[PDB]
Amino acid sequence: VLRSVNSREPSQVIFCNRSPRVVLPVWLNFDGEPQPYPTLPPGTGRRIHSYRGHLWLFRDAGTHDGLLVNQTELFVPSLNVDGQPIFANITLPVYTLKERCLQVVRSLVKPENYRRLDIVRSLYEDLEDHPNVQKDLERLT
C-alpha cells in the first residue's frame, strides 16, 4: 500500500532540521521497504534531488522516536514552481508527557535492566516497545 510512485519526474527539496535531535530521513521505495539516508545534525539543512510522488518520513537517528515534517507524518515532493525548491520543515512533536518520560528512562537504563526497575509490568512492556518504523507503517495502513 504505502510506497513511492516511480514517476521519474525530478523534484528539488530542502530538508531543514529545526529539532534538537540528529535526524534520519527514510525513503519508502517502490516495494514499500524503508530505506535510510545520511543523517542531519540539529539545526542543519541539505538540498537534495528527489522525485514527484515519492514518500518520506523522519526519525531520531539514535532512538527512532518519530518526528513531524511540515506539521504531519508523511512528506510527498510536489511540482516545483518558478524553479524554487519545496521546503520540508522537520520539527519535534508535542509528545505526551508519558512518552517523553519513557524516552528519558530508555536513555538512562540499559534494556537488560528494565525489569529490575520498581514499576508495574505494563510499564516494563511500554519501555520494551520502543519506537519502530515497521510498526508505524502497519499502523498508518
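Quick note: we count residues from 1 along the sequence shown, nothing fancier. By rigid core we mean the largest C-alpha set that fits within 1.5 Å across both forms.
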Core superposition done, the stretch whose Cα atoms deviate more in 9 other deposited structures of this protein, picking from 12 to 20 and 116 to 124, is 116 to 124
Per the PDB entry, mean CA B-factor is higher for 40 to 48 or 107 to 115, namely for 107 to 115
Comparing mean C-alpha B factor in the record for 59 to 67 and 81 to 89, the higher one is 81 to 89
Listed options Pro10, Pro25, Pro20, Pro131: highest C-alpha B factor recorded at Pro131
